[PDB]
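S.K.:
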Amino acid sequence: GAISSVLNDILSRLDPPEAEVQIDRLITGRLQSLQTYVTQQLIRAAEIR
Amino acid sequence: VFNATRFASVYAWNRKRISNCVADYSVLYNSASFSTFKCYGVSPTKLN
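Those protein sequence lines, which keep their order, are chains A and B. Residue 977 in UniProt numbering sits at position 7 of the first sequence; the count goes up by one each step and never skips. Residue 367 in UniProt numbering sits at position 27 of the second sequence; the count goes up by one each step and never skips.
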C-alpha cells in the first residue's frame, strides 16, 4: 500500500514527517512476512523431528 | 515555462517537455518568483 517498495525511493524522495508514514507500512508488511516464514519452518522442524 | 509571456488555458492547455538537460529547481524554492510552493510525491529540497 505504499508509494514504492524501495527505501531509497522514499528516503531520498519524501520529507521526514511523510517518509515515516510510508516506511511504517513496509516495516509492517516485511515483518509479517518473517512471522509466516518462521512459523512454517518451526512446524516443519516438528515433522522432521 | 514560468517566465512565459502568455500562459495556456484550462479548456485546452499546452505541455512543455524538458529532457536531456541540467535542471536547477532553485527558482521554485529560494527565488521570490511564486506565491506558494507545495509538493505531493517528492520533497522540494531534493529536486536539485
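For each residue, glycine too, the CB sits at the ideal point set by N, CA and C.
Please report the distance separating the alpha-carbon of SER373 of chain B from that of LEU387 of chain B.
M.R.: 17 Å
S.K.: Could you compute how far the alpha carbon of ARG1000 of chain A sits from the alpha carbon of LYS378 of chain B?
M.R.: If I take the Cα positions, the gap works out to 31 Å.
S.K.: Counting contacts by CB-CB distance shorter than 7 Å, is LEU984 of chain A in contact with chain B?
M.R.: By the rule that beta-carbons nearer than 7 Å mark a contact, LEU984 of chain A touches chain B.
S.K.: For a test of the three-state rule: what should DSSP assign to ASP994 of chain A, helix, strand or coil?
M.R.: helix
S.K.: To the nearest angstrom, report how far apart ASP985 of chain A and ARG357 of chain B are at their CA atoms.
M.R.: Approximately 26 Å, taken between the alpha carbons.
S.K.: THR385 of chain B and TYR369 of chain B look like a contact to me (Cβ under 8 Å); what is the Cβ gap, rounded to whole Å?
M.R.: 7 Å
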